[PDB]
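Structure 1 and structure 2, given next as structure tokens, are two forms of the same protein chain, each shown alone.
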Structure 1
């Protein structure tokens, strides 16, 4: 004579299996920005949260659960034990140390490799068929580490890479031209960070090449100093870190953009971090951002951008640098 049984006649016993489950590992500033953006876009029917800080983890789960009335994601769970992540379609890794003022992303590598040695084997134990989307920095090296530790085929291990760098670039381009970032096109490839490569030849509005219109585009002799736009992209994370201490909102939206292509099988092209040995002249097994076709099987194809020999030389050097960092990691 419980109220529930007076009210509700049960017709079916429910061994609930999740169908569109996403996990976020690390519920820091980045992790929670990814979680709220994914929740507000209705990409998942179950969201699992993992962290090592147990009280913070339960507090973040509860705060999200209290907003359930306003969401269309019926189940949010969390735990330190990765059993809560079982049968995820997509596992997003945002755990780790972050930059202080003046610190390069590459200075984070030793701390975050050691964290990944713990995280990745636990992920693959409960979700052996998931896609891994790596956001923790340095993202290109850590996508390689996730790949090696997981044993996954390379199509299922993705780094957020330069998706956000390109979005920042398009925003800054739009502010200068007086149009929305959506209508500005421009690709930043290579390392997410100081050594990223702007592809000046591809920048356009409505298929009109900016460089064809303004041949000094991207050079030091440019009176409008468009080269500084890329410098603002490179510097932007450092400037936000100095002002507010960290970055979170933009990366959350960028990660949810990637999750949407994966979860809906959109086969959109994004500049994300993938194993590009054998492409673009690279001979080592390094992860760099190039335009990739992203869908329900991860990265299925890569677009072959025509680079100048200078643009190609920048990528070739990055690959050497990153491969040099990778070579001496113990995992």
Structure 2
């Protein structure tokens, strides 16, 4: 009688346990940009979305599903119940608290802790073996928060950190020199924000050190003002937010690049945030960006970058500031 049975003879029943699943938590502009970038790079065989507002969540799921003909990811699901996230290889956290006028730094972080106390145990319950990738800001502190609540080993808790900062730096270098960002090399490390560290000694094109060629590179009194290129990077989100209200596209592409290294076990090096105690002279439980080898087991190795005394002092001062906030948090 039924059309499906007249057309199709079934040979095998339903044991659907996903094999290459990714979850995005939060369907704000950042989360949806991560989602569309992951879908157009064929990184997952199932995509799950979760957030607390049911109507926008279902509408975003339906909008993506209606494009299925043009994609190669056959299952897209969503819900406020974290059961929809079960058996994920990778869970990307973009949700957080909305900022309030006149609230202190410590109060903002604690409000995000209170949200993570609900999100993280739910994630761990349904995907006990996943990798966690935290994007929510302030990212170095909130990556620590996810690590603390989850109980996961440090190799499986990753912060997006300075990955986009470095991409922006390479684009701006490329604009100045007349070359693609792919062929400009340079690293921004440390705390994601106003105190990140541009490692001038490593900037190069085709292996030619820009500092040896132009020795005053990175000093304020440089007639070409290369120090203001780093200031442009730290101010980039501020300028884009003032023009269009928020940033989305670039972080979505940077996050999908990280997901590609994880899902395909590439062991590429990225400037991302990892638990740094015992390395680079740090003695507290803080997360900072260094060049990390990224693959299917998360962060397996760290590159030991040679830093000047000025550069080391910036990192150590960031570690002190982060721990000062973290030791006052209520878990």
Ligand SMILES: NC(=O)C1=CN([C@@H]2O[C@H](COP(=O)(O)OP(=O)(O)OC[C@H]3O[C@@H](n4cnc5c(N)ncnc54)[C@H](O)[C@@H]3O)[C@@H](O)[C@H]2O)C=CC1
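Positions refer to the first chain, counted from 1. Only the largest set of C-alpha atoms that superpose within 1.5 Å between the two forms is called the rigid core.
Annotation: structure 1 represents the form solved in complex with the named molecule, while structure 2 represents the other form. Annotation: the position in 106, 149, 229, 76 displaced by at least 2 Å at CA between structures 1 and 2, with the core superposed, corresponds to 106. Remark: with the core as the superposition reference, the CA shift of residue 97 between structures 1 and 2 reaches 2 Å or more.
Note on residue 62: its Cα is shifted 0.2 Å between structures 1 and 2, core used for superposition.
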